[PDB]
Amino acid sequence: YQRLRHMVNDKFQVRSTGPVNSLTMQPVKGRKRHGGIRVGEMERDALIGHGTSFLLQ
Amino acid sequence: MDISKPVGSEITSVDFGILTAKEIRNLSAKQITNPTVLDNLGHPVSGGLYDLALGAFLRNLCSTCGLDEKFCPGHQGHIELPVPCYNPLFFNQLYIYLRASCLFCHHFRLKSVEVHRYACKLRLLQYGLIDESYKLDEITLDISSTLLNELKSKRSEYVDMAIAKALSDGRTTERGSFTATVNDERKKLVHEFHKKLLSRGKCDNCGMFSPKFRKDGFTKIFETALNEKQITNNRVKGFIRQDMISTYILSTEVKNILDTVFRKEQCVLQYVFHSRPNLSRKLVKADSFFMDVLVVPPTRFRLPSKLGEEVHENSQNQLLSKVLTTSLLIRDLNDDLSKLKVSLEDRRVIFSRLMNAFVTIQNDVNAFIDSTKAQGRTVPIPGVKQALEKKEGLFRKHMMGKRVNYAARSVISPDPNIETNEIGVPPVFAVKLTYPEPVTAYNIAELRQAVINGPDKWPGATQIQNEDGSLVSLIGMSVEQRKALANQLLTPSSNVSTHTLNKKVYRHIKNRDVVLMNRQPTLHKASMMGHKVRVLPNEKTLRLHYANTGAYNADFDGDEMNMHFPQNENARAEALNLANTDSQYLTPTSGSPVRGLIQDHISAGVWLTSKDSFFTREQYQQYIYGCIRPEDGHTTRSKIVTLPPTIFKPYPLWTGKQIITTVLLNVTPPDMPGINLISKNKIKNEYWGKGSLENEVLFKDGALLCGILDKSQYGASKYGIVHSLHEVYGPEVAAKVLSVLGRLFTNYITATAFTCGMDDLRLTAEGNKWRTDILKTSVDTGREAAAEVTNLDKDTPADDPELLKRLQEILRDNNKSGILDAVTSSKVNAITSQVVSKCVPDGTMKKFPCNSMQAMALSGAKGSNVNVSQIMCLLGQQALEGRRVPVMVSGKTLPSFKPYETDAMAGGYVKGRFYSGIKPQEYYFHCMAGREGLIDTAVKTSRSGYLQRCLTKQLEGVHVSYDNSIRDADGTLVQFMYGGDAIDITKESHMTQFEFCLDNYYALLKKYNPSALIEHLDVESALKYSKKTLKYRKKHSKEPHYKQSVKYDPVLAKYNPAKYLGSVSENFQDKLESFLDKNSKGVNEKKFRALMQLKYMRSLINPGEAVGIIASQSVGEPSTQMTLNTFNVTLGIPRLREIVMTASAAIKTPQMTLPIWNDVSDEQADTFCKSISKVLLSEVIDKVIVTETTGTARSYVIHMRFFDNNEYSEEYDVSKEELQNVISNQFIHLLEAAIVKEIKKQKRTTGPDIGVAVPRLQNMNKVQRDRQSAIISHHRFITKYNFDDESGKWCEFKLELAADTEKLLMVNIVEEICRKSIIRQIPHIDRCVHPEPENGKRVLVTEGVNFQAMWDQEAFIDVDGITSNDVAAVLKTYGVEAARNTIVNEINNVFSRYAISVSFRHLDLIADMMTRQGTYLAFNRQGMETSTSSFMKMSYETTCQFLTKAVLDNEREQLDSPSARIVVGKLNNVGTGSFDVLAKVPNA
Amino acid sequence: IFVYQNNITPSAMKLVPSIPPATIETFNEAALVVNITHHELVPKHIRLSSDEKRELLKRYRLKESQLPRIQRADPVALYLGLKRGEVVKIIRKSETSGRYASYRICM
Ligand SMILES: [Mg+2]
Ligand SMILES: [Zn+2]
Ligand SMILES: [Zn+2]
């Protein structure tokens, strides 16, 4: 057996309330910087899909 | 968001308009005049971009609101432009109005009556009355002013009456009606108006010509001088003026021209610039297109970017400073202009100084707004347009999508010990993720502990929010302070201004919380479900159960998942009742399950439920409690009930199937009866020995009495045990059964393991003998097939010289090699199938159930019989891109094999298996085929990302209304009923499973409790009507659809399905009645009918359901499975793109399906195919001999040697007479034109230019004589023309050229014209073929589209059944409803080919949306143009362009589209937002 | 109804909507060779009365334009001789519900 060099849990992160960009006032990008997880257009579409308006809000 | 902080005011609508200079000057906090930003020392300079009046900056307080950098919102300032500038966004519009106006009377050059006609039509369109706008054109009486003014009066009278009449009724409000079709009619008119405006040259009011205005890329206009004809026209029309009493043009001159024109033509422009009536009564002024000032955004949005130590200057400040430098310079130029003047004459310099001043400030203004409109600087700084469209754009990157708080990301790890509805949360996340829990009397105990525990001990609390609004962090505090604050949580508020409020505790995420689990890409809503938090100690990864693997399409190969922690109870309720896992058992794509156990559990079940599996009292009870724990609420009886043993004497023993009975007996409700189901297994009875019935899965009163349980029962498979339980007992019970079975099989695999080894891969000595004997016949097959394709009798030897020459002919042609490959492959694959059928399983040493390799393939746990056969028998023929192994120019497939080897092995046929090993030749061939697949995964440009994105943006608003109809975001009707029956796909499964429903009558009657509904519905109205429609339907059964009765329409059209029992789809009605007739079986046939009627009632789609998104997700998500290439017509994503994304009128493969009659034979149809197929001259010619002889004149003897007359007449249906006409009329005229063109090309360019660089690579009859003489008179170069009239085999003609024409390549010239000459062609059709009858229907497939031509072939084709794939062509001839039906059929063909089932309810919705305008609109920028929401449009693409169109319309965004609501932070109107919640209060 | 053979003069085509309330409809005999409403993909289109339209707009609380559209120049719309505002009832066979009644407004 061979042990592969990669430590897969390198992108392991958690954010409650971290720093925000001045213009958008939205969580700033950066795992180590206590950054936010992006909820993109597809996740927006999925939250519209369930008809779950408060989850989207 | 704080629930303690409610908001009383709300934004209901957004109005788009232009800021006036006067407006900006008043609101401005400070006038910006200085280009410098900082004074010395470091303080902001007064009158600069960093002035403190624009807000708090550099630890200084704001000089306007006085607040610091945190609380100061920032303030807008202004730059005073020394000269007006064209606003870049509205330059194109002001340009249109400048070119359209007269420079003398200062009216538009179009006649006043024509202008008034547009103003009238546009006023009527402000209100929703299109019919009236067209009826205005009917109002009709070089024409006198007294007559034309009466026409304007009569037209204005009709407009005032039509508005008032519609205003009296509910046709239009005072604010005016506005729909997409109304918008389409407005957009058409405003376009037509500007087109008519620009077309007029000479002014229709005063006959004088105006000088034409030209433009460049940048905002700058020039005036082209008039021609002498137009200058003399100005002179003769100069006297009539008296009785009434290229050069650059400055911005001021243009503004002054438009100022008067916008005053004089105010009436039409009032309706040209207002989408709805102008209730504000504002004047439409020209200065809206001009900028006399520039607003300076607050310092807050122009802060210098800090990256580590370096503080970088803001790019907007840089562009603004540039505008400030130019402004100071023009102020000096105007000051010097003011000084001096007596001395003038040479005024060409003062205008040149002015032109520079104007073009410089304009460029600086342009550079700030839109950089792609400014001059090139030696990458430029991005403008505000560029800021809104940087990449995807501000709307897409920061509004439609956002980075969020209270969220975590981690690699997922599998876990069978957690519930199927749970998520294993690491304690790392649990101590950081908090919920704002308000402290009350009922939870003071729970939160006091959390407060004491603090932020590092779970379950704790990171913070405490007091009722005054302040926050107290528990992070730095010791156990002593935390204990003190806990005893201060429920203290009454002294302040009366906050007595309403109570303290909040920001408590750690507990085991009762909801979380949103997300696995990207989120192709369908099942990839974003709600999970129950289960904090697992000593964990560093997110733990997920195997039942969730399918929906997320997540494999534990180092995958990552996003965890979202919603922060309020309304968001909690949604994640627990709507988006929760259990409510996502069935996908809306096909209504089939996406939840079930995956591998060990399937293999465990086949063993546990096997007859051989017995268990003692101790063992049996252990397996029960092992998976069912009453303390964890798994039971429904508060005491574990146990069945008696199946064996009493000698020893008490329980069967394996009894454990499955006991698990159901403790998880299903006691009040309801046991499940009754007769299903089947994946494992055939033959495997379980003689006379076994172990394939028949039998459940009688919730007891497994026969058959084992496969992937077909507790996997994500339809009509299995879990699905049957889901239908009878609900989603919560099915979830419990899945978790219970999941535990049972995990525990069973721990006590009784499952393994795979070499013994499972071996064949017996008998079985291996069979393998070698069948594979012994494969040696002959190679040469046999090679002798068949080559056409050689008695089967010639492998080393035959004629055969080897014949195989070479095949090698050089791609088509010929294809015939050889397909024949040899089919023959060797037949030998493969024989080996596999004989050896597996009757020849395997170890056999099922003990052969685990065999077991896993049969159970559906993992692998198939194909993989099993490659392991134990042979790999077979290695197929490469539909064919065999690639062959070299030498005829060798490898250097080891003989050239043109007639052997199966040489072609890639592997006789070897993976157990015994594969030979090096076979190894290399396997390497080819193995890699071939990975190469396809690398070269696959087709993506379902953009296809789904285009559908979702146009369908987001589309949902189910409370009136059961499918309505868009703006209230416009898309469908009158979902799929025409209003059924939820996630319910339409057992609705036709009548036998199932009958066997579970009392179970379902208790489920669909009618006792609490009988008083709310009608039991006869619809049922009576259903009989009346069935009566008229049976009367016209044999009659065609056009002759069918239209007296009574469907029962669903007249009676609400949720209020009238019996208002069911005629499809369901026919199916239900047919079951009661064909099956005569204490349940009556009448009481069963009522239950099924009630089941349909309870299967209705809920009002609010986002059927739009669901439809696009149901077309998008499975279109990912068709990313692979073809194994003629366009398939997969490219074909789906031709329909949905581009709505192409020019399809790649246009076809026509012609249904042939019964009276037309197979020979007659093939003759008919030839009659329509395009015939070229090339197709009938065998040889062309050109005898170039130079004598006296270049003589060219062109002899056309065709194929035999009977040969081409039987192969193309072409006569000798038909050949004569084409050569004598078309071919010679085409040949003469080609020779003349070649003579010119020879004399034009003598050769390429040397030294100059070229672009980089990367005896005759009397009748014959009259015919020849007539052709000589019609052709300038021919002398002779003789054609075979008797036999019809040749055509000879002599061509005479000049002595100066010299050398020419006639053969190549002739060749090219022959394949260009058409003998017979039916317009737009290339070839008509005869394929195999499709599902029993005799049809002909055309490679072209022309209906009118096929209409003439009524004797052969049924003109009422002529199908076509081309949607636009169908729409043009047969109408919108026919095109609509073509869209639903064609999209279905794309999915049916890849064996993917998509509910027609989705396709019908998509088609209805494409045909909403009566045309064929695609899901793209073009189709979207006719949509109400400008915000939805802005968040799709060309944000500034759609914004410009919105401002010019003076549009009101009603905030009714999902996109618009997200933009303004309003709650989405879909699902939970489709209503309002009001509280009932008792006191008056 | 005026059934022409090959083509109509552009000057003659202007005389078509010149005499209201009388309406003139032109059709090419080559285009009338086969009836389009007889085709399997063309459902039964029925023109509704001013009262039937009035009732439909009430049941669904619709505004004329808020409905699915049929072009005034659509082959079926030209066949039934539809005018702007006229609502057409479409009885279409579905492979989910069977007979289904949908509607379209001619604009
Ligand atoms: Mg996998
Ligand atoms: Zn301030
Ligand atoms: Zn004029």
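Residues numbered from 1 in each chain as written, not as in the entry; some residues may be left out. Chains lettered and ligands numbered in written order. Part of a larger assembly, values for the part shown. Heavy atoms only, no water. Residues with missing side-chain atoms left out of burial classes, pairs and counts.

- In the PDB header, X-ray crystallography is given as the technique by which the entry was determined, and 3.00 Å as its resolution.

**Some details on the environment of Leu32 of chain C**
Residues and elements named next belong to chain C.
Okay, so step 1: Assignment of secondary structure puts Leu32 in the loop between β2 (26-28) and β3 (44-47).
Okay, so step 2: Separated by 47 residues in sequence, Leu32 and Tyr79 place their C-alpha atoms 9.8 Å apart.
Okay, so step 3: In this view, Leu32 contacts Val3 and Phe27; residues no more than four positions away in its chain are not counted. (Helix = DSSP H or I, 4+ residues; strand = E, 2+ residues; numbered from the N terminus. Contact = heavy atoms within 4.5 Å.)

**Examining the state of the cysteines**
In protein chemistry, a disulfide is the covalent bond that joins the sulfur atoms of two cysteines.
Residues and elements named next belong to chain B.
Okay, so step 1: Inspection of every chain in the model, using the stated rule, returns zero disulfides over all chains.
Okay, so step 2: The closest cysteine sulfur to the non-disulfide-bonded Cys85 is located on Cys1440, 18 Å from its own sulfur.
Okay, so step 3: Take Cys85: its relative accessible area is 0%, and that puts it in the buried class. (Disulfide = S-S within 2.5 Å. Buried < 20%, exposed > 50% of the residue type's maximum accessible area, 1.4 Å probe, protein only.)

**Observations regarding the coordination of the zinc ion (ligand 2)**
All names here are of chain B.
Okay, so step 1: Protein ligation of the zinc ion (ligand 2) involves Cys62 (SG), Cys65 (SG), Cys72 (SG) and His75 (NE2), the donor distances falling in the range 2.0 to 2.3 Å.
Okay, so step 2: In the primary structure, the donors to the zinc ion (ligand 2) are separated according to the pattern C-x2-C-x6-C-x2-H.
Okay, so step 3: Residue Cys65 is classed as partly exposed on the basis of its relative accessible area of 33%. (Donors = N, O, S within 2.8 Å, 3.2 Å for Na, K, Ca; no water.)

**Describing the UniProt feature "binding site: Zn(2+) 2" in chain B**
Residue and element names in this part refer to chain B.
Okay, so step 1: Using the residue numbers shown here, the UniProt feature "binding site: Zn(2+) 2" corresponds to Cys102, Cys105, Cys203 and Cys206.
Okay, so step 2: Mapping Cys105 onto the fold places it in the loop between α2 (91-100) and α3 (112-124).
Okay, so step 3: What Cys105 contacts, discounting residues up to four positions off in sequence, is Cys203, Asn205, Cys206 and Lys264.
Okay, so step 4: Once residues within four sequence positions are removed from consideration, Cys206 is found in contact with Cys102, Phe104 and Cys105. (UniProt positions renumbered as here; feature names shortened; annotations may be inferred.)

**Brief notes about the environment of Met517 of chain B**
Residue and element names in this part refer to chain B.
Okay, so step 1: Relative to the assigned elements, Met517 resides in strand β16 (residues 514-518).
Okay, so step 2: Residue classification places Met517 among the buried positions, given a relative accessible area of 0%.
Okay, so step 3: Once residues within four sequence positions are removed from consideration, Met517 is found in contact with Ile423, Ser527, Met528, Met529, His531, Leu542, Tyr552, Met561, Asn562 and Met563.

**Brief notes about the interface of chain C and chain B**
It is common to give the size of an interface as the accessible area lost on bringing the parts into contact.
Okay, so step 1: Taken together, the contacts link 48 residues of chain C with 65 residues of chain B.
Okay, so step 2: Summed over both partners, the interface of chain C with chain B comes to about 5100 Å²; 52% of that surface belongs to carbon and sulfur atoms.
Okay, so step 3: The tally of links from chain C across to chain B stands at seven salt bridges.
Okay, so step 4: The partner of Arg99 of chain C in a salt bridge is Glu1066 of chain B, with the nearest N and O atoms 2.8 Å apart.
Okay, so step 5: At the boundary of chain C and chain B, one finds 33 residue pairs in polar contact.
Okay, so step 6: Of all elements in the fold, only β3, β4 (69-70), α2 (75-80), β5 (87-94) and β6 (98-106) of chain C reach the threshold of two or more residues within the side of chain C that touches chain B.
Okay, so step 7: Per element, the largest residue contribution to the side of chain C that touches chain B is seven residues, and it comes from β6 of chain C.
Okay, so step 8: For the side of chain C that touches chain B, a count of residues per class yields 24 nonpolar, 13 polar and 11 charged. (Buried area = accessible area lost by both parts, 1.4 Å probe. Salt bridge = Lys/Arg side-chain N within 4 Å of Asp/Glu carboxyl O. Polar contact = N/O pair within 3.5 Å; in protein donor to acceptor, adjacent residues only side chain to side chain. Nonpolar A, V, L, I, M, F, W, Y, C, P; charged D, E, K, R; others polar.)

**Digging into the interface of chain B and chain A**
Okay, so step 1: In this assembly, 62 residues from chain B lie in contact with 40 residues from chain A.
Okay, so step 2: For the pair chain B and chain A, the summed buried surface comes to about 4700 Å²; carbon and sulfur atoms form 57% of the total.
Okay, so step 3: Across the contact surface, chain B and chain A share three salt bridges.
Okay, so step 4: One salt bridge connects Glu41 of chain A with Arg949 of chain B, and the closest N-O pair in it is separated by 3.7 Å.
Okay, so step 5: If you look at where chain B meets chain A, you find 28 residue pairs in polar contact.
Okay, so step 6: No other element matches strand β10 (residues 407-414) of chain B, which puts five residues into the side of chain B that touches chain A.
Okay, so step 7: Residue composition of the side of chain B that touches chain A, grouped by class: 26 nonpolar, 21 polar and 15 charged.
Okay, so step 8: The sheet contact formed by strand β2 (residues 37-39) of chain A and strand β9 (residues 402-404) of chain B spans three bridges and is antiparallel. Within β9 of chain B, the residue paired with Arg38 of chain A across the bridge is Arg403 of chain B. (Pairing = 2+ DSSP bridges.)

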